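Structure below is run16.pdb: PDB, C-alpha atoms (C1' of nucleotides).
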ATOM      1  CA  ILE A  12       0.000   0.000   0.000
ATOM      2  CA  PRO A  13       2.706   2.529  -1.046
ATOM      3  CA  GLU A  14       1.890   6.150  -0.239
ATOM      4  CA  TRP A  15       3.118   7.593  -3.542
ATOM      5  CA  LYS A  16       0.619   5.337  -5.309
ATOM      6  CA  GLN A  17      -2.200   6.800  -3.204
ATOM      7  CA  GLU A  18      -1.000  10.366  -3.869
ATOM      8  CA  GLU A  19      -1.061   9.615  -7.597
ATOM      9  CA  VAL A  20      -4.580   8.154  -7.534
ATOM     10  CA  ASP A  21      -5.602  11.457  -5.923
ATOM     11  CA  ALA A  22      -3.713  13.701  -8.350
ATOM     12  CA  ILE A  23      -5.335  11.817 -11.249
ATOM     13  CA  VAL A  24      -8.828  12.133  -9.757
ATOM     14  CA  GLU A  25      -8.053  15.840  -9.306
ATOM     15  CA  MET A  26      -7.460  16.313 -13.048
ATOM     16  CA  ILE A  27     -10.352  13.976 -13.915
ATOM     17  CA  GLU A  28     -12.675  16.353 -12.023
ATOM     18  CA  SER A  29     -11.310  19.566 -13.573
ATOM     19  CA  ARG A  63       0.433   3.801 -14.870
ATOM     20  CA  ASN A  64      -2.654   2.452 -16.607
ATOM     21  CA  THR A  65      -3.604   0.687 -13.358
ATOM     22  CA  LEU A  66      -3.579   4.019 -11.527
ATOM     23  CA  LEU A  67      -5.654   5.693 -14.248
ATOM     24  CA  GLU A  68      -8.343   2.986 -14.087
ATOM     25  CA  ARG A  69      -8.311   3.211 -10.287
ATOM     26  CA  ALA A  70      -9.082   6.937 -10.565
ATOM     27  CA  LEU A  71     -11.742   6.427 -13.238
ATOM     28  CA  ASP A  72     -13.503   3.950 -10.960
ATOM     29  CA  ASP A  73     -13.510   6.791  -8.432
TER      30      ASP A  73
ATOM     31  CA  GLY B  71      19.240  30.923 -31.982
ATOM     32  CA  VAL B  72      19.674  33.371 -29.099
ATOM     33  CA  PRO B  73      23.160  32.997 -27.491
ATOM     34  CA  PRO B  74      23.639  30.721 -24.415
ATOM     35  CA  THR B  75      22.705  31.660 -20.830
ATOM     36  CA  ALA B  76      26.293  31.612 -19.514
ATOM     37  CA  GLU B  77      26.969  34.508 -21.898
ATOM     38  CA  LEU B  78      23.747  36.534 -21.439
ATOM     39  CA  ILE B  79      24.693  36.669 -17.737
ATOM     40  CA  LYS B  80      28.280  37.889 -18.262
ATOM     41  CA  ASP B  81      26.900  40.860 -20.217
ATOM     42  CA  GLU B  82      24.546  42.408 -17.646
ATOM     43  CA  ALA B  83      27.085  41.374 -14.992
ATOM     44  CA  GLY B  84      30.120  43.254 -16.280
ATOM     45  CA  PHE B  85      32.348  40.290 -15.428
ATOM     46  CA  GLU B  86      33.815  37.894 -18.018
ATOM     47  CA  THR B  87      34.698  34.827 -15.931
ATOM     48  CA  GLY B  88      32.636  32.891 -13.376
ATOM     49  CA  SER B  89      34.154  31.629 -10.105
ATOM     50  CA  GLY B  90      36.712  28.992  -9.141
ATOM     51  CA  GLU B  91      34.262  27.835  -6.460
ATOM     52  CA  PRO B  92      30.549  28.940  -6.628
ATOM     53  CA  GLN B  93      28.301  30.210  -3.798
ATOM     54  CA  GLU B  94      31.520  30.541  -1.763
ATOM     55  CA  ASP B  95      33.003  33.290  -3.959
ATOM     56  CA  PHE B  96      30.406  35.868  -5.052
ATOM     57  CA  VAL B  97      31.559  37.434  -8.325
ATOM     58  CA  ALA B  98      28.609  39.085 -10.111
ATOM     59  CA  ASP B  99      25.141  40.277  -9.057
ATOM     60  CA  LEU B 100      21.676  40.634 -10.596
ATOM     61  CA  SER B 101      18.448  42.483  -9.829
ATOM     62  CA  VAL B 102      15.009  40.924 -10.301
ATOM     63  CA  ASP B 103      13.950  42.994 -13.344
ATOM     64  CA  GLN B 104      17.269  42.309 -15.109
ATOM     65  CA  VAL B 105      16.467  38.590 -14.826
ATOM     66  CA  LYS B 106      12.938  39.249 -16.156
ATOM     67  CA  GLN B 107      14.507  40.629 -19.354
ATOM     68  CA  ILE B 108      16.770  37.567 -19.746
ATOM     69  CA  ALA B 109      13.659  35.426 -19.167
ATOM     70  CA  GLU B 110      12.091  37.052 -22.244
ATOM     71  CA  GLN B 111      15.076  36.590 -24.586
ATOM     72  CA  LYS B 112      15.135  32.810 -24.031
ATOM     73  CA  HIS B 113      11.448  31.937 -24.440
ATOM     74  CA  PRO B 114      12.156  29.635 -27.427
ATOM     75  CA  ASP B 115      15.169  27.936 -25.782
ATOM     76  CA  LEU B 116      13.281  27.201 -22.535
ATOM     77  CA  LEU B 117      10.490  24.685 -21.878
ATOM     78  CA  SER B 118       8.600  26.697 -19.229
ATOM     79  CA  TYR B 119       5.112  28.043 -20.045
ATOM     80  CA  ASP B 120       5.010  30.999 -17.631
ATOM     81  CA  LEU B 121       7.624  33.725 -17.314
ATOM     82  CA  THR B 122       7.720  32.699 -13.638
ATOM     83  CA  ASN B 123       9.400  29.362 -14.309
ATOM     84  CA  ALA B 124      11.326  30.799 -17.280
ATOM     85  CA  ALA B 125      13.165  32.917 -14.733
ATOM     86  CA  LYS B 126      13.860  29.915 -12.445
ATOM     87  CA  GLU B 127      15.904  28.203 -15.186
ATOM     88  CA  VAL B 128      18.134  31.247 -15.713
ATOM     89  CA  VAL B 129      18.197  31.721 -11.932
ATOM     90  CA  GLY B 130      19.392  28.117 -11.855
ATOM     91  CA  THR B 131      22.772  28.802 -13.497
ATOM     92  CA  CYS B 132      23.704  31.993 -11.640
ATOM     93  CA  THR B 133      24.437  30.958  -8.010
ATOM     94  CA  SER B 134      26.576  28.108  -9.412
ATOM     95  CA  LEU B 135      28.947  30.799 -10.730
ATOM     96  CA  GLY B 136      28.840  33.257  -7.837
ATOM     97  CA  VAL B 137      25.993  35.470  -9.066
ATOM     98  CA  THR B 138      24.088  36.890  -6.073
ATOM     99  CA  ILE B 139      20.604  38.378  -6.449
ATOM    100  CA  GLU B 140      18.841  41.351  -4.811
TER     101      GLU B 140
ATOM    102  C1'   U C   1      20.398 -31.561  -3.862
ATOM    103  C1'   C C   2      17.132 -31.851   0.542
ATOM    104  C1'   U C   3      15.151 -29.340   5.037
ATOM    105  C1'   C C   4      14.189 -25.257   8.576
ATOM    106  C1'   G C   5      14.100 -19.769  10.125
ATOM    107  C1'   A C   6      14.354 -14.261   9.487
ATOM    108  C1'   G C   7      13.695  -9.561   6.690
ATOM    109  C1'   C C   8      11.835  -7.023   2.468
ATOM    110  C1'   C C   9       8.988  -6.579  -2.371
ATOM    111  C1'   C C  10       4.196  -8.183  -4.907
ATOM    112  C1'   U C  11      -2.569  -8.583  -8.912
ATOM    113  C1'   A C  12      -2.443  -0.458  -6.917
ATOM    114  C1'   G C  13       1.218  -6.208 -11.271
ATOM    115  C1'   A C  14       6.544  -7.730  -8.023
ATOM    116  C1'   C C  15      11.870 -10.542 -10.156
ATOM    117  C1'   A C  16      13.490 -11.219 -15.135
ATOM    118  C1'   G C  17      13.265 -10.684 -20.127
ATOM    119  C1'   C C  18      11.399  -7.913 -24.734
ATOM    120  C1'   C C  19       9.454  -2.855 -26.758
ATOM    121  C1'   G C  20       9.068   2.224 -26.163
ATOM    122  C1'   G C  21      10.981   6.747 -23.412
ATOM    123  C1'   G C  22      15.381   8.273 -21.788
ATOM    124  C1'   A C  23      13.734  15.422 -22.913
ATOM    125  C1'   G C  24      15.253  20.725 -22.455
ATOM    126  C1'   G C  25      17.848  25.538 -20.077
ATOM    127  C1'   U C  26      23.240  23.612 -21.245
ATOM    128  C1'   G C  27      28.017  21.761 -25.302
ATOM    129  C1'   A C  28      26.814  23.510 -16.670
ATOM    130  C1'   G C  29      31.647  26.927 -14.526
ATOM    131  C1'   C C  30      36.439  26.625 -14.201
ATOM    132  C1'   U C  31      40.721  24.892 -16.525
ATOM    133  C1'   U C  32      42.273  24.314 -21.103
ATOM    134  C1'   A C  33      44.083  25.620 -28.286
ATOM    135  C1'   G C  34      39.781  21.987 -26.880
ATOM    136  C1'   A C  35      36.980  19.186 -23.093
ATOM    137  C1'   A C  36      30.633  19.407 -24.652
ATOM    138  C1'   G C  37      27.891  12.998 -18.493
ATOM    139  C1'   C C  38      32.570  10.927 -18.226
ATOM    140  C1'   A C  39      41.419  14.617 -18.152
ATOM    141  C1'   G C  40      41.371  17.766 -13.646
ATOM    142  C1'   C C  41      39.032  21.237 -10.002
ATOM    143  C1'   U C  42      34.125  23.407  -7.908
ATOM    144  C1'   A C  43      29.424  23.106  -7.846
ATOM    145  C1'   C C  44      25.747  19.411  -8.564
ATOM    146  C1'   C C  45      21.390  23.842  -9.305
ATOM    147  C1'   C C  46      15.227  24.290 -12.390
ATOM    148  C1'   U C  47      11.935  23.273 -16.541
ATOM    149  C1'   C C  48       8.824  20.163 -19.062
ATOM    150  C1'   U C  49       6.974  15.618 -16.999
ATOM    151  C1'   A C  50       4.747   9.417 -16.581
ATOM    152  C1'   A C  51      10.282   9.227 -16.422
ATOM    153  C1'   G C  52      15.320  11.203 -17.358
ATOM    154  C1'   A C  53      22.330  12.277 -12.939
ATOM    155  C1'   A C  54      25.629  19.286 -13.510
ATOM    156  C1'   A C  55      25.733  11.385 -15.358
ATOM    157  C1'   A C  56      26.872   4.930 -12.956
ATOM    158  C1'   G C  57      30.003   2.300 -17.254
ATOM    159  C1'   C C  58      32.307   1.473 -21.977
ATOM    160  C1'   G C  59      33.627   4.657 -26.260
ATOM    161  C1'   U C  60      36.081   9.505 -29.064
ATOM    162  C1'   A C  61      41.901  13.594 -30.427
ATOM    163  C1'   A C  62      37.507  16.286 -28.739
ATOM    164  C1'   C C  63      32.173  15.505 -30.686
ATOM    165  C1'   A C  64      29.322  10.901 -32.157
ATOM    166  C1'   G C  65      28.017   6.347 -30.585
ATOM    167  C1'   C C  66      26.511   2.193 -26.850
ATOM    168  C1'   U C  67      24.030   1.587 -22.864
ATOM    169  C1'   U C  68      23.346   2.545 -16.454
ATOM    170  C1'   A C  69      20.248   4.950 -13.357
ATOM    171  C1'   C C  70      15.262   6.758 -13.606
ATOM    172  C1'   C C  71       9.445   6.190 -16.468
ATOM    173  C1'   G C  72       5.769   3.899 -19.375
ATOM    174  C1'   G C  73       3.920  -0.893 -21.986
ATOM    175  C1'   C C  74       3.717  -6.070 -22.993
ATOM    176  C1'   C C  75       3.522 -10.335 -19.638
ATOM    177  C1'   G C  76       1.334 -12.621 -15.016
ATOM    178  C1'   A C  77       2.975 -15.096  -9.884
ATOM    179  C1'   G C  78       5.362 -15.382  -6.769
ATOM    180  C1'   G C  79      10.162 -12.738  -6.068
ATOM    181  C1'   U C  80      14.354 -11.136  -3.516
ATOM    182  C1'   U C  81      18.117 -10.569   0.631
TER     183        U C  81
END
Go through the file and emit its structure as structure tokens.
Amino acid sequence: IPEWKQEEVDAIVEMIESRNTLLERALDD
Amino acid sequence: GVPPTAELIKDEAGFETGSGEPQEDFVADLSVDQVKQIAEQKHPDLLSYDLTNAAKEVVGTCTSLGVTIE
RNA sequence: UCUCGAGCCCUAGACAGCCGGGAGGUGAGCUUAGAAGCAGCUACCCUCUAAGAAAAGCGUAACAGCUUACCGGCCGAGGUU
């Protein structure tokens, strides 16, 4: 459960509002 | 196109050489506005979008030569 | 080759391999006829960014060139000390 991975999932979700695995994770959110 | 940074500095500095050991031996100086001008002349050479960051790159070669800022 | 223990990494995709990326300011300054990642000395800073050293190793008279770090993909199960 690396922290940098969690910070990325957030950063992605942040741009979605305004790694492929991390993109999908964010989309699901 | 536009000449390199190392040179553009030595012009508005008045000095020709840098320093044998940077940040320990302050040779030249630079005001903020003077750096704003240099930030304009290298827009094509630099990757930064804002003039804010454009400055930071130029400001990133100075102190490593003994170029204090005020 | 067999057996037992400890730590760490892993389906938020690990270890390896293959593909792609390895960018700019800038060939950093100094020194030097020249030195541009890589003779030496000092520093080792910021941009774009998913990465990318003021360069870990070969290579050049010096560039080039070949890759290392670092990032991304393919793959898919354990891997590593």
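Pairwise distance (atom CA of residue 66 of chain A, atom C1' of residue 77 of chain C) equals 20.3 Å.
For the file at hand, the PyMOL selection byres ((chain C and resi 68) around 7) resolves to residues 56, 57, 67 and 69 of chain C.
Residue nearest chain A within the list C:51, C:30, C:16, C:63: C:51 [criterion: smallest interatomic distance, all atoms listed in the file].
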Output of the PyMOL selection byres ((chain B and resi 95-109) around 6), listed as a compact mmCIF listing (two decimals) with C-alpha atoms, in the coordinates of the input:
# COMPACT_ATOMS: atom_id res chain seq x y z
CA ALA B 83 27.08 41.37 -14.99
CA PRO B 92 30.55 28.94 -6.63
CA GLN B 93 28.30 30.21 -3.80
CA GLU B 94 31.52 30.54 -1.76
CA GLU B 110 12.09 37.05 -22.24
CA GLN B 111 15.08 36.59 -24.59
CA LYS B 112 15.14 32.81 -24.03
CA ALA B 124 11.33 30.80 -17.28
CA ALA B 125 13.16 32.92 -14.73
CA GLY B 136 28.84 33.26 -7.84
CA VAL B 137 25.99 35.47 -9.07
CA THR B 138 24.09 36.89 -6.07
CA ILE B 139 20.60 38.38 -6.45
CA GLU B 140 18.84 41.35 -4.81
At a cut-off of 10 Å, which residues of chain A touch chain C? Count all atoms listed in the file and give the answer as a PyMOL selection string. chain A and resi 12-13+16-17+20+63-66+68-69
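Separating atom CA of residue 23 of chain A from atom CA of residue 70 of chain A is a distance of 6.2 Å.
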Identify every residue of chain B that has at least one atom within 6 Å of any atom of chain C, counting all atoms listed in the file, and report the result as a PyMOL selection string. chain B and resi 90-91+116-118+126-127+130+134
The selected residues should be written to file as a PDB file, keeping the file's coordinate frame (atoms: C-alpha atoms).
ATOM      1  CA  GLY B  90      36.712  28.992  -9.141  1.00  0.00           C
ATOM      2  CA  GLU B  91      34.262  27.835  -6.460  1.00  0.00           C
ATOM      3  CA  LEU B 116      13.281  27.201 -22.535  1.00  0.00           C
ATOM      4  CA  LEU B 117      10.490  24.685 -21.878  1.00  0.00           C
ATOM      5  CA  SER B 118       8.600  26.697 -19.229  1.00  0.00           C
ATOM      6  CA  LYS B 126      13.860  29.915 -12.445  1.00  0.00           C
ATOM      7  CA  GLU B 127      15.904  28.203 -15.186  1.00  0.00           C
ATOM      8  CA  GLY B 130      19.392  28.117 -11.855  1.00  0.00           C
ATOM      9  CA  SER B 134      26.576  28.108  -9.412  1.00  0.00           C
TER      10      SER B 134
END
Could you expand the PyMOL selection byres ((chain B and resi 75) around 9) into the explicit residues it covers here, written as an NGL selection string? (:B and (72-74 or 76-80 or 108 or 112 or 128 or 131)) or (:C and (25-26))
Can I get the selected residues back with C-alpha atoms (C1' of nucleotides), as a PDB file, keeping the file's coordinate frame?
ATOM      1  CA  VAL B  72      19.674  33.371 -29.099  1.00  0.00           C
ATOM      2  CA  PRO B  73      23.160  32.997 -27.491  1.00  0.00           C
ATOM      3  CA  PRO B  74      23.639  30.721 -24.415  1.00  0.00           C
ATOM      4  CA  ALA B  76      26.293  31.612 -19.514  1.00  0.00           C
ATOM      5  CA  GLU B  77      26.969  34.508 -21.898  1.00  0.00           C
ATOM      6  CA  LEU B  78      23.747  36.534 -21.439  1.00  0.00           C
ATOM      7  CA  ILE B  79      24.693  36.669 -17.737  1.00  0.00           C
ATOM      8  CA  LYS B  80      28.280  37.889 -18.262  1.00  0.00           C
ATOM      9  CA  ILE B 108      16.770  37.567 -19.746  1.00  0.00           C
ATOM     10  CA  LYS B 112      15.135  32.810 -24.031  1.00  0.00           C
ATOM     11  CA  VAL B 128      18.134  31.247 -15.713  1.00  0.00           C
ATOM     12  CA  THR B 131      22.772  28.802 -13.497  1.00  0.00           C
TER      13      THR B 131
ATOM     14  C1'   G C  25      17.848  25.538 -20.077  1.00  0.00           C
ATOM     15  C1'   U C  26      23.240  23.612 -21.245  1.00  0.00           C
TER      16        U C  26
END
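Proximity to residue 62 of chain C was assessed for C:34, C:39, C:21, C:6 counting only C-alpha atoms (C1' of nucleotides); the smallest distance is recorded for C:34.
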Provide the atom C1' of residue 58 of chain C to atom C1' of residue 37 of chain C distance in Å, to one decimal place. 12.8 Å
Please return the centre and edge lengths, in Å to one decimal, of a box with edges along x, y and z that contains all listed atoms of segment 64-80 of chain C, widened by 4 Å on every side, as AutoDock Vina command-line options.
--center_x 15.3 --center_y -2.2 --center_z -17.8 --size_x 36.0 --size_y 34.3 --size_z 36.6
